[PDB]
Every structure is written in structure tokens, then in C-alpha cells.
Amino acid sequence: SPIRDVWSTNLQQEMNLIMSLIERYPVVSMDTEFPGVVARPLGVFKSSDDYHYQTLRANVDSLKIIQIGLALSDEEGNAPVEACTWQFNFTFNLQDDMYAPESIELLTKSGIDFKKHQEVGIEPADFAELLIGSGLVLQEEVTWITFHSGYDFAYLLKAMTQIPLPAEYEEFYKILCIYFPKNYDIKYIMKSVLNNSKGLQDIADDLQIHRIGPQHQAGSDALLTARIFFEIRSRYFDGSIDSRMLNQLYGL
């Protein structure tokens, strides 16, 4: 299987395998899945970036993460033969937890098993602790890759710090750059730079990238993200991503 699914029962084993690989495959692609958006930040804000930060901060703080996908690559885009992508399935309770009914239905139709998440779902606290020690974060050897990544990284900071997210955005970014000193936001590149508005799969399609796995699942999406990035890096940047785009976050 190209996607290695991770639950509370094999978390430890799976992280070990990733720690064994991270030095040879130091480009980490990520996607997340949460229970949608359930509320908007009231009032008027310092800017539009500040409206966005508070929308994100409000949502991350209160809504539990459901899946995180991590796809490893080396500096020229090769996946480990061991796994194209990992999919960490976190703990989640349908009657007890908060969420948009629509997101849940979408996820269910997407292949999710909310029964198994309630049972053997992973605790974000445990995963985050392993992540901090993994060599994936806090290391500039490792590049992180994501699509629209305030949310992806907020959910991470959330679990690693174990405290509520920063009040002002400029702090959120200071911390971000601590744990992920070297990262590319694909949305920022496709949009802010190449003036392409299209979303992940649309971009995936115009490039004819074969999707491995179901849509709307973190593992398969993180993989798609990886492949998109490398296709983009060769097609339009001739092999080298302009590093003026390093650490640039779309909409912040």
C-alpha cells in the first residue's frame, strides 16, 4: 500500500519509520482534515489579513483535527519506496465533539470511518510530542510543503505548544518560523505569483497529475501537494524555486 494509515495502535512504529527516513527524504508535504468551519469572527479588524488570522485562530482553537497527511520526498521529488504518504487518523467523537454537519457528511462520503476514529483514533498530544522529537520540525534541513497553510500549521502549533494560539498574527508567524524554519505555501506561489486561482485538484488536473487515493483525505491530498510542487518547480521555475517565496503565507 502506497498510503500507510496510522492509528493509536501503530503510531509509535510509524513515527520511527519516518524518523529513519527524514534525513534521506527531507521534503515533507502535508495536508489536514478538520470538521469544516463552524463560526466567523465578529466585529471589524486591523486589516483583511487580520480578519483571516482571527477566523483561522477561532476555528483551529475549538475544532478537533481529524486527519493529518505527511508525504516524504527527497530534494528532487522521489518518495521513499516504503510509503508514498502517511495518514494519521486522530481521535474524534461524533456526539461529543463540535463540527459542521456538512463537513462530516462530506468526510463520510469521502471514505472516513468515524467509528474507528472514536475507538483507535490518535491523541494529538501524543503525536505532537513524537513530532517534536522526530527531526521533522525545528530543523532547517527539512522543507515543509503545503496548500493554504495557516490552517495546516495552526493545527500543528496547537498540538505542539498545548496552549491557545497567539492573539496577534505577528506572533503566530514568529512561532511558525521556529518549528518550520523552511517552508513553501503552494497557494501563495500559484496565486500570489503565477496568478492562478484554481484549487488543489483543479491544479492537479490541468497538470494531469494522477491522484493516488480518495479526494478529501489527508494522506492522498498531501501526496498530491508534493507532486504539484515538484511539477510546478520544474515547469515554471526551471528546477529552482525562487526563494523569495520561502516562508510566504497566503492571506496573512
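Numbering starts at 1 and runs along the sequence shown.
193 to 201 and 35 to 43 differ in mean CA B-factor, and the higher of the two is recorded for 35 to 43.
Looking at mean Cα B-factors across 163 to 171 and 148 to 156, the upper value is held by 163 to 171. Going by the entry's values, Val60 shows the largest Cα B-factor out of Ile68, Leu223, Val60, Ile186.
For the set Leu106, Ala128, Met98, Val81, the maximum C-alpha B-factor listed in the entry falls on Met98. Per-chain ranking of the deposited C-alpha B factor places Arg227 in the lowest third. In the deposited entry, the Cα temperature factor of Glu14 sits in the bottom third of values across the chain's modelled residues.
Ranked within its chain, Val137 lands in the lowest third, by CA B factor from the PDB record.
Ranked within its chain, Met245 lands in the middle third, by CA B factor from the PDB record. When the modelled residues of the chain are ordered by C-alpha B-factor, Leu176 sits in the middle third.
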